[PDB]
Amino acid sequence: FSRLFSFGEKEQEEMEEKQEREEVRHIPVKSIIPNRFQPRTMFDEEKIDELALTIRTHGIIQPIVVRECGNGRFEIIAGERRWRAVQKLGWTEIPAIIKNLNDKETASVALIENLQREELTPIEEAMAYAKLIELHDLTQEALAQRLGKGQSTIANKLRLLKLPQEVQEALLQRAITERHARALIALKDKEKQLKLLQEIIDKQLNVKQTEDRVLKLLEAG
């Protein structure tokens, strides 16, 4: 499990400061494919360009991590930004380290990398945490520790899955903030959550106003 959290540039740099650099291969750029288990990533082109400028001066401080796939192709485990950066530089080859990961591990890394890079919307974060917990028979604490997060960051997200559909839909549609949905969790009752949801959208209530209305509803006998 733990090694699936360790393939990104920062963590590879940290391990390499304690030991011999892994063997590097120079793989074809044309033969690289992004992780087939994560959706198409829409990067900030601005940040890919910053990264390309850094590499064109200072080299590629870490090789990407790939597994072998298909006929002589390489699937990214870590390094999609670097791969994108060296295309801007016109490279035909990129330094890489090859790891044998099975599909379940490659799928796990897809979720983990998406969590670490702070990509995901709240419900996406929730679904990713839920799946890593189910796949690996994990504690919320055990997962939070491995992600370098507080147990509450996980729980706040996992609880959004226990909310009713209408509230989840409102959060996904950005009709309410997460902190709105969070406060509605305290009501622990679908009917009250739905009535107060309609109020939030109709009167365009903020977080303070919603939290107050949740306390006043829970203060009732």
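Just the heavy atoms: all of them, side chains too, but no hydrogens, waters or symmetry mates, feed the values below. Along the sequence shown, the residues carry numbers beginning at 1.
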**OP:** Please tell me if the side chains of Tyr129 and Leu147 come closer than 4.5 Å, counting only heavy atoms from C-beta onward.
**Re:** yes
Original post:
Is the backbone of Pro28 close enough, under 3.5 Å, to the side chain of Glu93 for a donor and an acceptor to pair up by distance?
Top reply: no
Original post:
Can you name the side chain to side chain contact (heavy atoms under 4.5 Å, CB included) partners of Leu89, sequence neighbours left out?
Top reply: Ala52, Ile55, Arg56, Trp91
Subject >> Evaluation steps, side-chain hydrogen bond (donor to acceptor under 3.5 Å, both in side chains), between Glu124 and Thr121 >> reply: CA-CA 5 Å; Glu124 287 160 3; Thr121 66; 3.2 Å; yes
Original post:
Under the salt bridge (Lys or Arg N to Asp or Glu O under 4.0 Å) criterion, do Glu50 and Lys47 qualify, and how do the steps go?
Top reply: CA-CA 5 Å; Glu50 291 168 1; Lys47 301 215 247 147; over 6 Å; no
Original post:
Side chains of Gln62 and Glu16: is there a donor and an acceptor less than 3.5 Å apart?
Top reply: yes
Original post:
Mind checking whether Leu163 and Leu218 sit in one hydrophobic cluster, side chains of I, L, V, M, F, W, Y counted as touching below 4.5 Å?
Top reply: yes
**OP:** Please round to the nearest 0.5 Å and tell me the distance separating atom CD1 of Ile133 and atom CG of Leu138.
**Re:** 6.5 Å
Original post:
Hey, does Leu161 have a side-chain heavy atom less than 4.5 Å from the side chain of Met127?
Top reply: yes
Original post:
Less than 4.0 Å between a side-chain N and a carboxylate O, is that true for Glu119 and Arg81?
Top reply: yes
Original post:
Is there side-chain contact between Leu101 and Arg3, with at least one heavy-atom pair below 4.5 Å?
Top reply: yes
Original post:
If two hydrophobic side chains count as joined below 4.5 Å and joins carry through other members, does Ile48 share a cluster with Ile94?
Top reply: no
Original post:
In Å, rounded to the nearest 0.5 Å, how long is the span from NZ of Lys131 to NE2 of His136?
Top reply: 9.5 Å
Original post:
Can you name the closest pair of heavy atoms from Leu196 and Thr210 and give their distance?
Top reply: CD2-O, 4.3 Å
Original post:
Any side-chain heavy atom of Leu115 sitting closer than 4.5 Å to one from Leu132?
Top reply: yes
**OP:** May I ask you to test the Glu178-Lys157 pair for a side-chain heavy-atom distance under 4.5 Å?
**Re:** yes
Original post:
Would you say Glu68 has more than 12 foreign heavy atoms packed within less than 6.0 Å of its CD?
Top reply: no
Subject >> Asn100 atom CG, over 12 foreign heavy atoms within 6.0 Å >> reply: no
Original post:
Rounded to the nearest 0.5 Å, what separation is found between the CG atom of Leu194 and the CD atom of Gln165?
Top reply: 10.0 Å
**OP:** Give a yes or no answer on whether the side chain of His180 reaches the backbone of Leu205 with a donor-acceptor pair at less than 3.5 Å.
**Re:** yes
Subject >> Closest non-hydrogen atom pair between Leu171 and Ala181, with its separation >> reply: CD2-CB, 4.1 Å
**OP:** State, yes or no, whether a side-chain contact exists between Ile77 and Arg67 at a heavy-atom distance under 4.5 Å.
**Re:** yes
Original post:
Any side-chain heavy-atom pair from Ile185 and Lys162 closer than 4.5 angstrom?
Top reply: no
Original post:
Are the side chain of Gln209 and the backbone N or O of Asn206 linked by a donor-acceptor pair below 3.5 Å?
Top reply: yes
**OP:** Could you check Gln38 against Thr41 for side chain to side chain contact (heavy atoms under 4.5 Å, CB included), going step by step and ending with a plain yes or no?
**Re:** CA-CA 8 Å; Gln38 30 171 66; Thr41 300; 4.1 Å; yes
Subject >> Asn102 atom CG: more than 12 heavy-atom contacts under 6.0 Å >> reply: yes
Original post:
Is a side-chain donor or acceptor of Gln12 paired with a backbone partner of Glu9 at a separation under 3.5 angstrom?
Top reply: no
Original post:
To the nearest 0.5 Å, what is the distance between CD (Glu169) and CD1 (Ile176)?
Top reply: 11.0 Å
Subject >> Main-chain N/O of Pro63 paired to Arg82 side chain as donor or acceptor, under 3.5 Å >> reply: yes
Subject >> Side-chain touch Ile64/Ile32, heavy atoms, less than 4.5 angstrom >> reply: yes
**OP:** Examine distances only and state if a side-chain atom of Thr153 and a backbone atom of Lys149 form a donor-acceptor pair shorter than 3.5 Å.
**Re:** no
Original post:
Mind checking whether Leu217 and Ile201 sit in one hydrophobic cluster, side chains of I, L, V, M, F, W, Y counted as touching below 4.5 Å?
Top reply: yes
Original post:
With respect to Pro95, which candidate in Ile27, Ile60, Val86 satisfies the side chain to side chain contact (heavy atoms under 4.5 Å, CB included) definition?
Top reply: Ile60
**OP:** Please name the pair of heavy atoms, one in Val214 and one in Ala183, separated by the smallest distance, quoted to 0.1 Å.
**Re:** CG1-O, 3.6 Å
Original post:
Can you tell me if CD on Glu45 sees more than 12 non-hydrogen neighbours from other groups inside 6.0 Å?
Top reply: yes
Original post:
What is the distance from atom CD of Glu75 to atom CZ of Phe37, rounded to the nearest 0.5 Å?
Top reply: 6.0 Å
**OP:** May I ask you to check whether over 12 heavy atoms, not counting those of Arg159, lie within 6.0 Å of atom CZ?
**Re:** no
Subject >> Connected via hydrophobic side-chain network under 4.5 Å: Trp83 and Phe43 >> reply: no
Original post:
Checking side chain to side chain contact (heavy atoms under 4.5 Å, CB included) for the pair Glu113/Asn35: CA distance, chi angles, key distance, verdict?
Top reply: CA-CA 10 Å; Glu113 189 276 321; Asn35 192 319; over 6 Å; no
**OP:** Determine the minimum heavy-atom distance between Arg84 and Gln87, stating which atoms define it.
**Re:** NH1-OE1, 2.9 Å
**OP:** Quick one: pull up NZ in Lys99 and OG1 in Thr106 and give me the separation to the nearest 0.5 Å.
**Re:** 13.0 Å
Original post:
Does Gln140 use its side chain to pair, donor to acceptor, with the backbone of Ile154 at less than 3.5 Å?
Top reply: no
Subject >> Nearest atoms (heavy-atom pairs only) where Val66 meets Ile76 >> reply: CG1-CA, 4.3 Å
Original post:
Going hydrophobic residue to hydrophobic residue with side-chain gaps under 4.5 angstrom, can you get from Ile123 over to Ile112?
Top reply: yes
